[PDB]
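A.B. asks: A single structure is presented below for examination.
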Amino acid sequence: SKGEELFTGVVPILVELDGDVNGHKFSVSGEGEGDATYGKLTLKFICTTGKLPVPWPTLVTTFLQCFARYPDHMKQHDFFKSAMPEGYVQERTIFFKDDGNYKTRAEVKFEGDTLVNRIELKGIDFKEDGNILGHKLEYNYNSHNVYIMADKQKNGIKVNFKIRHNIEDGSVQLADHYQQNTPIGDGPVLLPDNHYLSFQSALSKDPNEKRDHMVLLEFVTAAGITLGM
């Protein structure tokens, strides 16, 4: 498989995001690598414009589903790799329960031998001292399942999941994610049976880094389709 073949080894990654949340504008640059064979991504992010005006964990899902590890019997349900190298557009609305929303548009494609995630993010109607603008979120992440189905009407997929952000007082801030992906190229892509991606993530810091930043590790494996009865 052409697409699949581009992910057999370790692949360098670059991430660029330009954001505006409630009028606070910022930019983040990220870099690292992904290894689809093991379903593993390792990335470091730096806010190039100063202090990040929202908590790092709220941007984790925005900052590479093409690095999921698909079991063999599921490999023909991997839309993400099938769209490469031309790439795909990933769009979302994320509703923070009882708070504002993020809307994102991103292009994920190969630029030379590097896989590049380029993002625009706009956020509105956040409360000045809610969990997001008030920075009340713990610096950590939980595991979640990301549900995928075909969207034939658009030659792409529709994706949904619900993120739990732990809050420093023992409560949880929910973030309801709605996502669609469509290929950038005209070539045939694989449209999948219903299935999900199992995510686990861990956030940490670079002790030598002067800038506001995030080190992120993700492990992603596809599941939900069985071999046999």
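We name chains A, B, ... following the order of the structure tokens; residues begin at 1 in each chain, and ligands are numbered from 1 as shown.
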I'd like to know which residues of segment 34-182 of chain A are helix (DSSP H, G or I) (by DSSP, run on the backbone); could you write them as a ChimeraX atom specification?
C.D. replies: /A:56-59,65-67,72-77,79-82,152-154
A.B. asks: Restricting the output to C-alpha atoms, write the selected residues as a CSV table (one decimal), in the first residue's frame.
C.D. replies:
```csv
chain,number,residue,atom,x,y,z
A,56,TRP,CA,-1.7,23.1,27.6
A,57,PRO,CA,-3.9,20.1,28.1
A,58,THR,CA,-6.8,21.8,26.2
A,59,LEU,CA,-4.7,21.8,23.0
A,65,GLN,CA,-4.2,10.1,14.0
A,66,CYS,CA,-2.2,8.7,11.0
A,67,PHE,CA,0.3,7.3,13.6
A,72,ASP,CA,-3.3,-6.4,10.4
A,73,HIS,CA,-7.0,-7.4,10.0
A,74,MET,CA,-8.0,-3.7,10.4
A,75,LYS,CA,-5.4,-2.2,8.0
A,76,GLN,CA,-8.0,-1.6,5.3
A,77,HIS,CA,-9.9,0.6,7.6
A,79,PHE,CA,-8.4,6.2,6.4
A,80,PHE,CA,-5.6,8.4,7.7
A,81,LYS,CA,-2.7,6.6,6.0
A,82,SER,CA,-4.7,6.0,2.9
A,152,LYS,CA,-19.7,8.8,2.4
A,153,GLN,CA,-21.5,12.1,1.6
A,154,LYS,CA,-18.1,13.8,1.9
```
A.B. asks: Any chance you could tabulate, as CSV, the residues of segment 128-154 of chain A at most 8 Å from segment 162-174 of chain A with each one's nearest atom pair and distance in Å to one decimal, using only C-alpha atoms, in chain and rising number order?
C.D. replies:
```
residue,atom,partner,partner_atom,distance
A:131,CA,A:173,CA,7.3
A:136,CA,A:167,CA,6.0
A:137,CA,A:167,CA,4.6
A:138,CA,A:167,CA,5.4
A:140,CA,A:166,CA,7.5
A:141,CA,A:165,CA,6.8
A:142,CA,A:164,CA,6.9
A:144,CA,A:163,CA,6.8
```
A.B. asks: For residue 9 of chain A, which residue out of A:133, A:150, A:36, A:191 is the nearest one, using only C-alpha atoms?
C.D. replies: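 Result for the nearest residue to residue 9 of chain A: A:36.
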A.B. asks: May I ask which of the residues A:86, A:31, A:215, A:104 is the closest one to residue 12 of chain A, counting only C-alpha atoms?
C.D. replies: A:31
A.B. asks: Tell me which of A:1, A:101, A:114, A:29 sits closest to residue 13 of chain A, counting only C-alpha atoms.
C.D. replies: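 Smallest separation from residue 13 of chain A among the options: A:114.
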A.B. asks: Using only C-alpha atoms for the distances, tell me which of A:194, A:48, A:160, A:145 is nearest to residue 213 of chain A.
C.D. replies: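 Among A:194, A:48, A:160, A:145, it is A:48 that comes nearest to residue 213 of chain A.
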A.B. asks: Taking only C-alpha atoms into account, which of A:190, A:106, A:132, A:94 comes nearest residue 176 of chain A?
C.D. replies: A:94
A.B. asks: Run DSSP on the backbone and tell me which residues of chain A come out as strand (DSSP E); list them as a ChimeraX atom specification.
C.D. replies: /A:10-21,24-35,40-47,88-96,101-111,114-124,144-151,156-166,172-183,195-204,213-223
A.B. asks: Mind running segment 20-110 of chain A against segment 121-124 of chain A at 8 Å and telling me each contacting residue's nearest atom pair with the distance in Å (one decimal), counting only C-alpha atoms, chain and number ascending, as a tab-separated table?
C.D. replies:
```
residue	atom	partner	partner_atom	distance
A:20	CA	A:122	CA	4.9
A:21	CA	A:123	CA	4.1
A:22	CA	A:124	CA	4.9
A:100	CA	A:124	CA	5.5
A:101	CA	A:123	CA	5.6
A:102	CA	A:123	CA	4.2
A:103	CA	A:122	CA	5.4
A:104	CA	A:121	CA	4.5
A:105	CA	A:121	CA	6.7
```
A.B. asks: So which residues touch residue 35 of chain A within 12 Å, counting only C-alpha atoms, skipping near sequence neighbours fewer than 4 positions away, as a PDB file with N, CA and C atoms, in the first residue's frame?
C.D. replies:
```pdb
ATOM      1  N   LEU A   6       4.530   4.644   3.751  1.00  0.00           N
ATOM      2  CA  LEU A   6       5.190   5.849   4.248  1.00  0.00           C
ATOM      3  C   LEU A   6       5.337   5.847   5.772  1.00  0.00           C
ATOM      4  N   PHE A   7       4.669   4.912   6.452  1.00  0.00           N
ATOM      5  CA  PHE A   7       4.694   4.856   7.927  1.00  0.00           C
ATOM      6  C   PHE A   7       5.344   3.609   8.541  1.00  0.00           C
ATOM      7  N   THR A   8       6.087   2.831   7.760  1.00  0.00           N
ATOM      8  CA  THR A   8       6.752   1.645   8.305  1.00  0.00           C
ATOM      9  C   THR A   8       7.909   1.963   9.272  1.00  0.00           C
ATOM     10  N   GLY A   9       8.531   3.132   9.113  1.00  0.00           N
ATOM     11  CA  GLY A   9       9.637   3.520   9.975  1.00  0.00           C
ATOM     12  C   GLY A   9       9.271   4.664  10.906  1.00  0.00           C
ATOM     13  N   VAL A  10      10.281   5.273  11.516  1.00  0.00           N
ATOM     14  CA  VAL A  10      10.083   6.468  12.327  1.00  0.00           C
ATOM     15  C   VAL A  10       9.986   7.653  11.388  1.00  0.00           C
ATOM     16  N   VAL A  11       9.009   8.516  11.615  1.00  0.00           N
ATOM     17  CA  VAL A  11       8.749   9.637  10.730  1.00  0.00           C
ATOM     18  C   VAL A  11       8.847  10.914  11.535  1.00  0.00           C
ATOM     19  N   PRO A  12       9.672  11.870  11.075  1.00  0.00           N
ATOM     20  CA  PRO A  12       9.772  13.172  11.746  1.00  0.00           C
ATOM     21  C   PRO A  12       8.495  13.990  11.569  1.00  0.00           C
ATOM     22  N   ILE A  13       8.160  14.795  12.575  1.00  0.00           N
ATOM     23  CA  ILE A  13       6.909  15.533  12.582  1.00  0.00           C
ATOM     24  C   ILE A  13       7.173  17.001  12.863  1.00  0.00           C
ATOM     25  N   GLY A  39       2.586   2.565  17.244  1.00  0.00           N
ATOM     26  CA  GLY A  39       1.516   3.499  17.596  1.00  0.00           C
ATOM     27  C   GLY A  39       1.956   4.483  18.663  1.00  0.00           C
ATOM     28  N   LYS A  40       3.030   5.221  18.390  1.00  0.00           N
ATOM     29  CA  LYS A  40       3.722   6.028  19.402  1.00  0.00           C
ATOM     30  C   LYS A  40       4.145   7.360  18.791  1.00  0.00           C
ATOM     31  N   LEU A  41       3.789   8.456  19.454  1.00  0.00           N
ATOM     32  CA  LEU A  41       4.227   9.782  19.032  1.00  0.00           C
ATOM     33  C   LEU A  41       4.905  10.455  20.197  1.00  0.00           C
ATOM     34  N   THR A  42       5.919  11.241  19.888  1.00  0.00           N
ATOM     35  CA  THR A  42       6.666  11.957  20.880  1.00  0.00           C
ATOM     36  C   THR A  42       6.887  13.356  20.351  1.00  0.00           C
ATOM     37  N   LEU A  43       6.362  14.351  21.059  1.00  0.00           N
ATOM     38  CA  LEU A  43       6.381  15.720  20.565  1.00  0.00           C
ATOM     39  C   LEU A  43       6.712  16.726  21.675  1.00  0.00           C
ATOM     40  N   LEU A  64      -2.729  13.702  15.193  1.00  0.00           N
ATOM     41  CA  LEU A  64      -1.870  12.996  14.255  1.00  0.00           C
ATOM     42  C   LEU A  64      -2.318  11.556  14.246  1.00  0.00           C
ATOM     43  N   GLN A  65      -3.583  11.367  13.876  1.00  0.00           N
ATOM     44  CA  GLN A  65      -4.229  10.072  13.982  1.00  0.00           C
ATOM     45  C   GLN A  65      -3.665   9.087  12.960  1.00  0.00           C
ATOM     46  N   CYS A  66      -2.893   9.599  12.003  1.00  0.00           N
ATOM     47  CA  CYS A  66      -2.199   8.743  11.042  1.00  0.00           C
ATOM     48  C   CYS A  66      -1.108   7.865  11.664  1.00  0.00           C
ATOM     49  N   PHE A  67      -0.727   8.132  12.921  1.00  0.00           N
ATOM     50  CA  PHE A  67       0.301   7.312  13.577  1.00  0.00           C
ATOM     51  C   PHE A  67      -0.305   6.225  14.447  1.00  0.00           C
ATOM     52  N   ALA A  68      -1.616   6.043  14.358  1.00  0.00           N
ATOM     53  CA  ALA A  68      -2.282   4.951  15.076  1.00  0.00           C
ATOM     54  C   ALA A  68      -1.669   3.643  14.609  1.00  0.00           C
ATOM     55  N   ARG A  69      -1.565   2.648  15.494  1.00  0.00           N
ATOM     56  CA  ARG A  69      -1.208   1.311  15.031  1.00  0.00           C
ATOM     57  C   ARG A  69      -2.469   0.534  14.725  1.00  0.00           C
ATOM     58  N   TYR A  70      -2.624   0.114  13.477  1.00  0.00           N
ATOM     59  CA  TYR A  70      -3.791  -0.689  13.102  1.00  0.00           C
ATOM     60  C   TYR A  70      -3.379  -2.153  13.072  1.00  0.00           C
ATOM     61  N   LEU A 115       6.158  14.776   8.216  1.00  0.00           N
ATOM     62  CA  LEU A 115       4.717  14.880   8.294  1.00  0.00           C
ATOM     63  C   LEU A 115       4.364  16.155   9.042  1.00  0.00           C
ATOM     64  N   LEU A 217       3.546  12.694  25.058  1.00  0.00           N
ATOM     65  CA  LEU A 217       3.729  11.341  24.557  1.00  0.00           C
ATOM     66  C   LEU A 217       2.338  10.743  24.374  1.00  0.00           C
ATOM     67  N   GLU A 218       2.089  10.107  23.228  1.00  0.00           N
ATOM     68  CA  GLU A 218       0.801   9.473  22.945  1.00  0.00           C
ATOM     69  C   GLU A 218       1.045   8.057  22.484  1.00  0.00           C
ATOM     70  N   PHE A 219       0.158   7.141  22.863  1.00  0.00           N
ATOM     71  CA  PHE A 219       0.164   5.783  22.351  1.00  0.00           C
ATOM     72  C   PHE A 219      -1.223   5.584  21.795  1.00  0.00           C
ATOM     73  N   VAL A 220      -1.307   5.100  20.553  1.00  0.00           N
ATOM     74  CA  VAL A 220      -2.579   5.005  19.861  1.00  0.00           C
ATOM     75  C   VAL A 220      -2.688   3.671  19.150  1.00  0.00           C
ATOM     76  N   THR A 221      -3.736   2.927  19.446  1.00  0.00           N
ATOM     77  CA  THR A 221      -3.933   1.654  18.787  1.00  0.00           C
ATOM     78  C   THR A 221      -5.379   1.581  18.334  1.00  0.00           C
TER      79      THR A 221
END
```
A.B. asks: For residue 181 of chain A, please output as a VMD selection string all residues within 8 Å (counting only C-alpha atoms; exclusion window: fewer than 2 positions along the same chain).
C.D. replies: chain A and resid 88 to 91 156 to 158 179 183
A.B. asks: Between A:161, A:110, A:96, A:45, which is the closest to residue 175 of chain A once you count only C-alpha atoms?
C.D. replies: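 Nearest candidate to residue 175 of chain A out of A:161, A:110, A:96, A:45: A:96.
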A.B. asks: Identify, on the basis of only C-alpha atoms, every residue whose closest approach to residue 117 of chain A does not exceed 6 Å; exclude the query and any residue fewer than 3 positions from it along the same chain; express the result as a PyMOL selection string.
C.D. replies: chain A and resi 15+107-108
